[PDB]
$ cat query_14.tsv   # TSV, N, CA and C atoms
chain	number	residue	atom	x	y	z
A	557	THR	N	-22.69	4.66	-4.03
A	557	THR	CA	-22.26	3.59	-4.97
A	557	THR	C	-21.14	4.12	-5.87
A	558	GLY	N	-19.96	4.27	-5.34
A	558	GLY	CA	-18.83	4.78	-6.17
A	558	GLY	C	-17.50	4.51	-5.46
A	559	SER	N	-17.26	3.28	-5.09
A	559	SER	CA	-15.98	2.95	-4.39
A	559	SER	C	-14.89	2.70	-5.43
A	560	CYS	N	-13.66	2.59	-5.00
A	560	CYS	CA	-12.55	2.34	-5.96
A	560	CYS	C	-12.39	0.84	-6.18
A	561	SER	N	-11.75	0.45	-7.24
A	561	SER	CA	-11.55	-1.00	-7.50
A	561	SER	C	-10.08	-1.34	-7.26
A	562	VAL	N	-9.80	-2.17	-6.30
A	562	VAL	CA	-8.39	-2.52	-6.02
A	562	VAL	C	-8.32	-3.82	-5.21
A	563	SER	N	-7.18	-4.46	-5.20
A	563	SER	CA	-7.04	-5.73	-4.43
A	563	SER	C	-5.63	-5.80	-3.84
A	564	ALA	N	-5.50	-6.30	-2.64
A	564	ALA	CA	-4.15	-6.39	-2.01
A	564	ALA	C	-3.65	-7.83	-2.09
A	565	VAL	N	-2.51	-8.03	-2.72
A	565	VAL	CA	-1.96	-9.41	-2.82
A	565	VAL	C	-0.57	-9.41	-2.21
A	566	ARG	N	-0.11	-10.52	-1.69
A	566	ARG	CA	1.26	-10.51	-1.14
A	566	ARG	C	2.16	-9.95	-2.24
A	567	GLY	N	3.16	-9.19	-1.90
A	567	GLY	CA	4.02	-8.62	-2.97
A	567	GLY	C	5.45	-9.15	-2.80
A	568	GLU	N	6.43	-8.34	-3.12
A	568	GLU	CA	7.84	-8.79	-2.98
A	568	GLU	C	8.35	-8.44	-1.58
A	569	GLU	N	8.72	-9.43	-0.81
A	569	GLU	CA	9.23	-9.16	0.56
A	569	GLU	C	10.72	-9.46	0.62
A	570	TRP	N	11.34	-9.24	1.75
A	570	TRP	CA	12.80	-9.51	1.87
A	570	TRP	C	13.07	-10.30	3.16
A	571	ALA	N	13.37	-9.61	4.23
A	571	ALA	CA	13.65	-10.32	5.51
A	571	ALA	C	13.00	-9.56	6.67
A	572	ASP	N	13.58	-8.47	7.07
A	572	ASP	CA	13.00	-7.68	8.19
A	572	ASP	C	11.85	-6.82	7.67
A	573	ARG	N	11.76	-6.65	6.39
A	573	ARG	CA	10.65	-5.82	5.82
A	573	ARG	C	10.01	-6.56	4.65
A	574	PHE	N	8.78	-6.25	4.34
A	574	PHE	CA	8.10	-6.94	3.21
A	574	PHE	C	7.37	-5.90	2.35
A	575	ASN	N	7.21	-6.18	1.08
A	575	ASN	CA	6.51	-5.21	0.19
A	575	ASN	C	5.30	-5.90	-0.45
A	576	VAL	N	4.13	-5.34	-0.31
A	576	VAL	CA	2.93	-5.96	-0.92
A	576	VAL	C	2.58	-5.24	-2.22
A	577	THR	N	1.86	-5.88	-3.10
A	577	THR	CA	1.49	-5.23	-4.38
A	577	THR	C	-0.03	-5.08	-4.46
A	578	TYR	N	-0.51	-3.90	-4.74
A	578	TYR	CA	-1.98	-3.69	-4.82
A	578	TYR	C	-2.36	-3.31	-6.26
A	579	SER	N	-3.27	-4.03	-6.86
A	579	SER	CA	-3.68	-3.71	-8.25
A	579	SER	C	-4.95	-2.85	-8.23
A	580	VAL	N	-5.05	-1.89	-9.10
A	580	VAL	CA	-6.26	-1.02	-9.12
A	580	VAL	C	-6.85	-1.00	-10.54
A	581	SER	N	-8.09	-0.62	-10.67
A	581	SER	CA	-8.72	-0.58	-12.01
A	581	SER	C	-8.96	0.88	-12.42
A	582	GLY	N	-9.12	1.75	-11.47
A	582	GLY	CA	-9.35	3.18	-11.81
A	582	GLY	C	-8.02	3.94	-11.74
A	583	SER	N	-7.49	4.13	-10.56
A	583	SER	CA	-6.20	4.86	-10.41
A	583	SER	C	-6.46	6.37	-10.45
A	584	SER	N	-6.88	6.88	-11.58
A	584	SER	CA	-7.15	8.34	-11.68
A	584	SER	C	-7.89	8.81	-10.43
A	585	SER	N	-8.67	7.95	-9.83
A	585	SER	CA	-9.42	8.35	-8.61
A	585	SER	C	-8.85	7.61	-7.40
A	586	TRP	N	-7.63	7.90	-7.05
A	586	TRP	CA	-7.01	7.22	-5.87
A	586	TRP	C	-7.54	7.82	-4.57
A	587	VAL	N	-8.08	6.98	-3.73
A	587	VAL	CA	-8.62	7.46	-2.43
A	587	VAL	C	-8.72	6.28	-1.48
A	588	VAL	N	-7.83	5.33	-1.62
A	588	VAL	CA	-7.87	4.14	-0.73
A	588	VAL	C	-7.26	4.49	0.61
A	589	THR	N	-7.73	3.87	1.65
A	589	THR	CA	-7.14	4.14	2.99
A	589	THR	C	-6.39	2.90	3.45
A	590	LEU	N	-5.09	2.99	3.58
A	590	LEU	CA	-4.30	1.81	4.02
A	590	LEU	C	-4.42	1.65	5.53
A	591	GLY	N	-4.81	0.49	5.99
A	591	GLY	CA	-4.95	0.28	7.46
A	591	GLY	C	-3.83	-0.63	7.96
A	592	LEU	N	-2.70	-0.06	8.31
A	592	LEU	CA	-1.58	-0.88	8.81
A	592	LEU	C	-1.97	-1.53	10.14
A	593	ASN	N	-1.02	-2.08	10.85
A	593	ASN	CA	-1.34	-2.72	12.16
A	593	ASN	C	-0.72	-1.90	13.29
A	594	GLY	N	-0.79	-0.60	13.20
A	594	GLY	CA	-0.21	0.25	14.27
A	594	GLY	C	1.17	-0.29	14.66
A	595	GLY	N	2.13	-0.18	13.79
A	595	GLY	CA	3.49	-0.69	14.11
A	595	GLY	C	4.39	-0.57	12.88
A	596	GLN	N	3.91	-1.00	11.74
A	596	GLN	CA	4.74	-0.91	10.50
A	596	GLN	C	4.67	0.51	9.95
A	597	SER	N	5.48	0.81	8.97
A	597	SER	CA	5.47	2.18	8.38
A	597	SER	C	5.90	2.11	6.92
A	598	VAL	N	5.38	2.98	6.09
A	598	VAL	CA	5.77	2.96	4.66
A	598	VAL	C	7.22	3.42	4.51
A	599	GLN	N	8.09	2.54	4.09
A	599	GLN	CA	9.52	2.92	3.93
A	599	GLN	C	9.75	3.47	2.52
A	600	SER	N	8.96	3.03	1.57
A	600	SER	CA	9.13	3.52	0.18
A	600	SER	C	7.94	3.07	-0.67
A	601	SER	N	7.81	3.61	-1.86
A	601	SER	CA	6.67	3.21	-2.73
A	601	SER	C	6.95	3.66	-4.17
A	602	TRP	N	6.24	3.12	-5.12
A	602	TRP	CA	6.47	3.53	-6.53
A	602	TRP	C	5.20	3.26	-7.35
A	603	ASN	N	5.06	3.93	-8.47
A	603	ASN	CA	3.85	3.72	-9.31
A	603	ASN	C	2.66	4.44	-8.68
A	604	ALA	N	2.92	5.39	-7.81
A	604	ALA	CA	1.80	6.13	-7.17
A	604	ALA	C	2.32	6.88	-5.94
A	605	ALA	N	1.63	7.89	-5.51
A	605	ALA	CA	2.09	8.66	-4.32
A	605	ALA	C	1.28	8.23	-3.09
A	606	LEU	N	1.84	8.38	-1.92
A	606	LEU	CA	1.10	7.97	-0.69
A	606	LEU	C	0.90	9.19	0.21
A	607	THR	N	0.01	9.09	1.16
A	607	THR	CA	-0.23	10.25	2.08
A	607	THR	C	-0.20	9.77	3.53
A	608	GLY	N	0.93	9.86	4.17
A	608	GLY	CA	1.03	9.41	5.59
A	608	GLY	C	2.18	8.42	5.72
A	609	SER	N	2.38	7.88	6.90
A	609	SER	CA	3.48	6.90	7.10
A	609	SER	C	3.25	6.12	8.39
A	610	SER	N	2.01	5.94	8.77
A	610	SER	CA	1.72	5.18	10.02
A	610	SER	C	0.28	5.45	10.45
A	611	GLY	N	-0.59	4.48	10.27
A	611	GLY	CA	-2.01	4.68	10.67
A	611	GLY	C	-2.90	4.63	9.43
A	612	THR	N	-3.09	5.74	8.77
A	612	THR	CA	-3.95	5.75	7.55
A	612	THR	C	-3.17	6.38	6.39
A	613	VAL	N	-2.70	5.58	5.48
A	613	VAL	CA	-1.94	6.13	4.33
A	613	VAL	C	-2.82	6.05	3.07
A	614	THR	N	-3.28	7.17	2.58
A	614	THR	CA	-4.15	7.14	1.37
A	614	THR	C	-3.29	7.31	0.11
A	615	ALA	N	-3.67	6.66	-0.96
A	615	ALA	CA	-2.88	6.78	-2.22
A	615	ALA	C	-3.27	8.08	-2.94
A	616	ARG	N	-2.51	8.47	-3.93
A	616	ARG	CA	-2.83	9.72	-4.67
A	616	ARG	C	-2.44	9.56	-6.14
A	617	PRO	N	-3.12	10.28	-6.99
A	617	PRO	CA	-2.87	10.25	-8.44
A	617	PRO	C	-1.63	11.07	-8.79
A	618	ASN	N	-0.78	10.55	-9.63
A	618	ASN	CA	0.45	11.31	-10.00
A	618	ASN	C	0.92	10.86	-11.39
A	619	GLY	N	0.02	10.39	-12.20
A	619	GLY	CA	0.42	9.93	-13.57
A	619	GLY	C	-0.65	8.99	-14.13
A	620	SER	N	-0.49	7.71	-13.94
A	620	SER	CA	-1.50	6.75	-14.46
A	620	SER	C	-1.08	5.32	-14.08
A	621	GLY	N	-0.87	5.07	-12.82
A	621	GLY	CA	-0.47	3.70	-12.39
A	621	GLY	C	-1.52	3.14	-11.43
A	622	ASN	N	-2.14	2.05	-11.78
A	622	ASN	CA	-3.17	1.45	-10.89
A	622	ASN	C	-2.50	0.49	-9.91
A	623	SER	N	-1.34	-0.01	-10.25
A	623	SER	CA	-0.64	-0.95	-9.33
A	623	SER	C	0.56	-0.24	-8.69
A	624	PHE	N	0.59	-0.17	-7.39
A	624	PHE	CA	1.73	0.51	-6.72
A	624	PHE	C	2.29	-0.40	-5.62
A	625	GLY	N	3.59	-0.40	-5.44
A	625	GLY	CA	4.20	-1.26	-4.39
A	625	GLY	C	4.49	-0.42	-3.15
A	626	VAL	N	4.39	-1.01	-1.99
A	626	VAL	CA	4.66	-0.24	-0.74
A	626	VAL	C	5.46	-1.11	0.24
A	627	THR	N	6.50	-0.57	0.81
A	627	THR	CA	7.31	-1.36	1.78
A	627	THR	C	6.71	-1.21	3.18
A	628	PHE	N	6.86	-2.20	4.01
A	628	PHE	CA	6.30	-2.11	5.39
A	628	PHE	C	7.32	-2.65	6.39
A	629	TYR	N	7.67	-1.86	7.38
A	629	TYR	CA	8.66	-2.33	8.39
A	629	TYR	C	8.00	-3.36	9.31
A	630	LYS	N	8.71	-4.40	9.65
A	630	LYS	CA	8.12	-5.44	10.55
A	630	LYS	C	8.50	-5.13	12.00
A	631	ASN	N	9.76	-5.24	12.33
A	631	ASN	CA	10.20	-4.96	13.72
A	631	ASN	C	9.22	-5.61	14.70
A	632	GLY	N	8.65	-6.72	14.33
A	632	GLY	CA	7.69	-7.41	15.24
A	632	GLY	C	6.30	-7.44	14.58
A	633	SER	N	6.22	-7.09	13.33
A	633	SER	CA	4.90	-7.10	12.64
A	633	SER	C	4.89	-8.22	11.59
A	634	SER	N	4.05	-9.20	11.77
A	634	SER	CA	3.99	-10.32	10.78
A	634	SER	C	2.67	-10.26	10.02
A	635	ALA	N	1.82	-9.32	10.34
A	635	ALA	CA	0.52	-9.22	9.63
A	635	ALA	C	0.67	-8.32	8.40
A	636	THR	N	0.07	-8.69	7.30
A	636	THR	CA	0.18	-7.86	6.07
A	636	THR	C	-0.96	-6.83	6.06
A	637	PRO	N	-0.65	-5.64	5.60
A	637	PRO	CA	-1.63	-4.54	5.52
A	637	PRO	C	-2.56	-4.75	4.32
A	638	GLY	N	-3.61	-3.98	4.23
A	638	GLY	CA	-4.55	-4.14	3.08
A	638	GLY	C	-5.03	-2.77	2.60
A	639	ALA	N	-5.38	-2.67	1.35
A	639	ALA	CA	-5.87	-1.36	0.81
A	639	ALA	C	-7.39	-1.34	0.85
A	640	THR	N	-7.96	-0.26	1.31
A	640	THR	CA	-9.44	-0.17	1.39
A	640	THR	C	-10.02	0.58	0.19
A	641	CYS	N	-11.15	0.16	-0.27
A	641	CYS	CA	-11.80	0.85	-1.43
A	641	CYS	C	-13.29	0.49	-1.46
A	642	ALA	N	-14.04	0.96	-0.50
A	642	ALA	CA	-15.49	0.65	-0.47
A	642	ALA	C	-16.25	1.85	0.11
A	643	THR	N	-17.55	1.88	-0.07
A	643	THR	CA	-18.34	3.01	0.48
A	643	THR	C	-19.18	2.52	1.66
A	644	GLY	N	-18.78	2.85	2.85
A	644	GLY	CA	-19.55	2.41	4.04
A	644	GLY	C	-18.79	2.78	5.31

$ encode --input "query_14.tsv" --output "structure tokens"
Amino acid sequence: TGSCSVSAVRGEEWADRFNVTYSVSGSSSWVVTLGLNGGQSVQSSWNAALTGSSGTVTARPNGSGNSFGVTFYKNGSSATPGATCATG
């Protein structure tokens, strides 16, 4: 019983790539696992550090930001990724 608190909402997108915004309540304990759709990749991010660039990208603590933005390449990907934060 100690999962992280976060939610994935559509974020700022553009055309060939889109950026989603994830809000968090803890942050200091970043350990979410991003589950892309085996195709997109993190092109950039801010308000937090990421670990990986295709498959499982976990967030990391680097200051004090619970909300971080992440870009995702489409190149044929129309599904939005989501941040995981549960124990199971």

$ atom_distance --input "query_14.tsv" --atom1 "atom N of residue 583 in chain A" --atom2 "atom C of residue 610 in chain A"
22.4 Å

$ closest_residue --input "query_14.tsv" --among "A:626, A:580, A:614, A:569" --to "residue 598 in chain A" --atoms "all atoms listed in the file"
A:626

$ select_by_dssp --input "query_14.tsv" --residues "chain A" --states "strand (DSSP E)" --output "number ranges by chain"
A: 562-565, 573-580, 589-591, 598-602, 605-607, 612-616, 624-629, 639-640

$ residues_around --input "query_14.tsv" --residues "range 590-596 of chain A" --least-positions-apart "6" --cutoff "6 Å" --atoms "only C-alpha atoms" --output "compact mmCIF listing (two decimals) with N, CA and C atoms, in the coordinates of the input"
# COMPACT_ATOMS: atom_id res chain seq x y z
N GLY A 611 -0.59 4.48 10.27
CA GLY A 611 -2.01 4.68 10.67
C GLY A 611 -2.90 4.63 9.43
N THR A 612 -3.09 5.74 8.77
CA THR A 612 -3.95 5.75 7.55
C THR A 612 -3.17 6.38 6.39
N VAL A 613 -2.70 5.58 5.48
CA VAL A 613 -1.94 6.13 4.33
C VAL A 613 -2.82 6.05 3.07
N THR A 614 -3.28 7.17 2.58
CA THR A 614 -4.15 7.14 1.37
C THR A 614 -3.29 7.31 0.11
N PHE A 628 6.86 -2.20 4.01
CA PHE A 628 6.30 -2.11 5.39
C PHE A 628 7.32 -2.65 6.39
N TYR A 629 7.67 -1.86 7.38
CA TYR A 629 8.66 -2.33 8.39
C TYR A 629 8.00 -3.36 9.31
N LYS A 630 8.71 -4.40 9.65
CA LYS A 630 8.12 -5.44 10.55
C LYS A 630 8.50 -5.13 12.00
N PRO A 637 -0.65 -5.64 5.60
CA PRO A 637 -1.63 -4.54 5.52
C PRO A 637 -2.56 -4.75 4.32
N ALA A 639 -5.38 -2.67 1.35
CA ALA A 639 -5.87 -1.36 0.81
C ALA A 639 -7.39 -1.34 0.85

$ residues_around --input "query_14.tsv" --residues "range 561-567 of chain A" --least-positions-apart "5" --cutoff "6.5 Å" --atoms "only N, CA and C atoms" --output "JSON, numbers by chain"
{"A": [574, 575, 576, 577, 578, 579, 580, 581, 582, 638, 639, 641]}

$ closest_residue --input "query_14.tsv" --among "A:644, A:589, A:571, A:602" --to "residue 621 in chain A" --atoms "only C-alpha atoms"
A:602

$ residues_around --input "query_14.tsv" --residues "range 618-620 of chain A" --least-positions-apart "5" --cutoff "6.5 Å" --atoms "only N, CA and C atoms" --output "list in words"
residues 583, 584, 604 and 605 of chain A

$ write_last_selection --input "query_14.tsv" --atoms "N, CA and C atoms" --output "mmCIF file, in the frame of the given file"
data_model
loop_
_atom_site.group_PDB
_atom_site.id
_atom_site.type_symbol
_atom_site.label_atom_id
_atom_site.label_comp_id
_atom_site.auth_asym_id
_atom_site.auth_seq_id
_atom_site.Cartn_x
_atom_site.Cartn_y
_atom_site.Cartn_z
ATOM 1 N N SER A 583 -7.490 4.130 -10.560
ATOM 2 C CA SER A 583 -6.200 4.860 -10.410
ATOM 3 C C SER A 583 -6.460 6.370 -10.450
ATOM 4 N N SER A 584 -6.880 6.880 -11.580
ATOM 5 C CA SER A 584 -7.150 8.340 -11.680
ATOM 6 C C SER A 584 -7.890 8.810 -10.430
ATOM 7 N N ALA A 604 2.920 5.390 -7.810
ATOM 8 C CA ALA A 604 1.800 6.130 -7.170
ATOM 9 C C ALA A 604 2.320 6.880 -5.940
ATOM 10 N N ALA A 605 1.630 7.890 -5.510
ATOM 11 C CA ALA A 605 2.090 8.660 -4.320
ATOM 12 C C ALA A 605 1.280 8.230 -3.090
#

$ axis_aligned_box --input "query_14.tsv" --around "range 581-592 of chain A" --padding-each-side "3 Å" --output "JSON"
{"center_x": -5.5, "center_y": 3.6, "center_z": -1.1, "size_x": 13.8, "size_y": 16.3, "size_z": 28.6}

$ atom_distance --input "query_14.tsv" --atom1 "CA of residue 558 in chain A" --atom2 "CA of residue 643 in chain A"
6.9 Å

$ decode --input "query_14.tsv" --residues "range 609-639 of chain A" --atoms "N, CA and C atoms" --output "short mmCIF file (atom, residue, chain, number, x, y, z; two decimals), in the first residue's frame"
data_model
loop_
_atom_site.label_atom_id
_atom_site.label_comp_id
_atom_site.auth_asym_id
_atom_site.auth_seq_id
_atom_site.Cartn_x
_atom_site.Cartn_y
_atom_site.Cartn_z
N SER A 609 13.78 5.53 -23.35
CA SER A 609 13.31 6.30 -24.54
C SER A 609 12.54 5.37 -25.48
N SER A 610 11.91 4.35 -24.95
CA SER A 610 11.15 3.41 -25.81
C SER A 610 10.86 2.13 -25.03
N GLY A 611 9.63 1.94 -24.62
CA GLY A 611 9.28 0.71 -23.85
C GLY A 611 8.85 1.09 -22.44
N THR A 612 9.79 1.21 -21.53
CA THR A 612 9.43 1.58 -20.13
C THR A 612 10.26 2.79 -19.70
N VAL A 613 9.67 3.95 -19.66
CA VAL A 613 10.42 5.16 -19.24
C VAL A 613 9.97 5.56 -17.83
N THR A 614 10.81 5.39 -16.85
CA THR A 614 10.41 5.76 -15.46
C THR A 614 10.85 7.19 -15.16
N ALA A 615 10.06 7.91 -14.39
CA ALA A 615 10.44 9.31 -14.05
C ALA A 615 11.46 9.31 -12.91
N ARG A 616 12.07 10.43 -12.66
CA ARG A 616 13.08 10.50 -11.56
C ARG A 616 13.03 11.88 -10.90
N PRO A 617 13.41 11.92 -9.65
CA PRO A 617 13.42 13.17 -8.86
C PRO A 617 14.64 14.01 -9.22
N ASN A 618 14.46 15.29 -9.41
CA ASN A 618 15.61 16.17 -9.77
C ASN A 618 15.33 17.60 -9.30
N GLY A 619 14.52 17.76 -8.30
CA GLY A 619 14.20 19.13 -7.80
C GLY A 619 12.90 19.09 -6.99
N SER A 620 11.79 19.34 -7.62
CA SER A 620 10.50 19.32 -6.88
C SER A 620 9.35 19.63 -7.85
N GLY A 621 9.24 18.87 -8.91
CA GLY A 621 8.15 19.11 -9.89
C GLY A 621 7.26 17.87 -9.99
N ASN A 622 6.01 18.00 -9.66
CA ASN A 622 5.09 16.83 -9.74
C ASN A 622 4.50 16.73 -11.14
N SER A 623 4.47 17.82 -11.86
CA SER A 623 3.90 17.79 -13.24
C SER A 623 5.03 17.90 -14.25
N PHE A 624 5.15 16.94 -15.12
CA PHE A 624 6.24 16.99 -16.14
C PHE A 624 5.65 16.73 -17.53
N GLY A 625 6.15 17.40 -18.53
CA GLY A 625 5.63 17.19 -19.91
C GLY A 625 6.56 16.25 -20.67
N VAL A 626 6.02 15.46 -21.56
CA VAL A 626 6.88 14.52 -22.33
C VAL A 626 6.42 14.49 -23.79
N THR A 627 7.33 14.58 -24.72
CA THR A 627 6.94 14.55 -26.16
C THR A 627 6.91 13.10 -26.63
N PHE A 628 6.08 12.80 -27.59
CA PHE A 628 6.00 11.40 -28.10
C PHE A 628 5.92 11.41 -29.62
N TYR A 629 6.82 10.71 -30.27
CA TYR A 629 6.80 10.68 -31.76
C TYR A 629 5.63 9.82 -32.24
N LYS A 630 4.95 10.24 -33.27
CA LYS A 630 3.80 9.44 -33.79
C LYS A 630 4.28 8.53 -34.91
N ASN A 631 4.67 9.09 -36.02
CA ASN A 631 5.15 8.25 -37.16
C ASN A 631 4.21 7.06 -37.34
N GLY A 632 2.95 7.24 -37.05
CA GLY A 632 1.98 6.12 -37.21
C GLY A 632 1.40 5.75 -35.84
N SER A 633 1.65 6.56 -34.85
CA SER A 633 1.11 6.26 -33.49
C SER A 633 0.03 7.29 -33.13
N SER A 634 -1.19 6.85 -32.97
CA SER A 634 -2.28 7.80 -32.62
C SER A 634 -2.75 7.54 -31.19
N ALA A 635 -2.20 6.55 -30.54
CA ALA A 635 -2.62 6.25 -29.15
C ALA A 635 -1.78 7.05 -28.16
N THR A 636 -2.39 7.58 -27.14
CA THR A 636 -1.63 8.38 -26.14
C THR A 636 -1.11 7.45 -25.04
N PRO A 637 0.09 7.71 -24.58
CA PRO A 637 0.73 6.90 -23.52
C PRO A 637 0.14 7.26 -22.16
N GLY A 638 0.45 6.50 -21.14
CA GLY A 638 -0.10 6.81 -19.79
C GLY A 638 0.97 6.55 -18.73
N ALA A 639 0.88 7.25 -17.62
CA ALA A 639 1.88 7.05 -16.53
C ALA A 639 1.32 6.06 -15.51
#
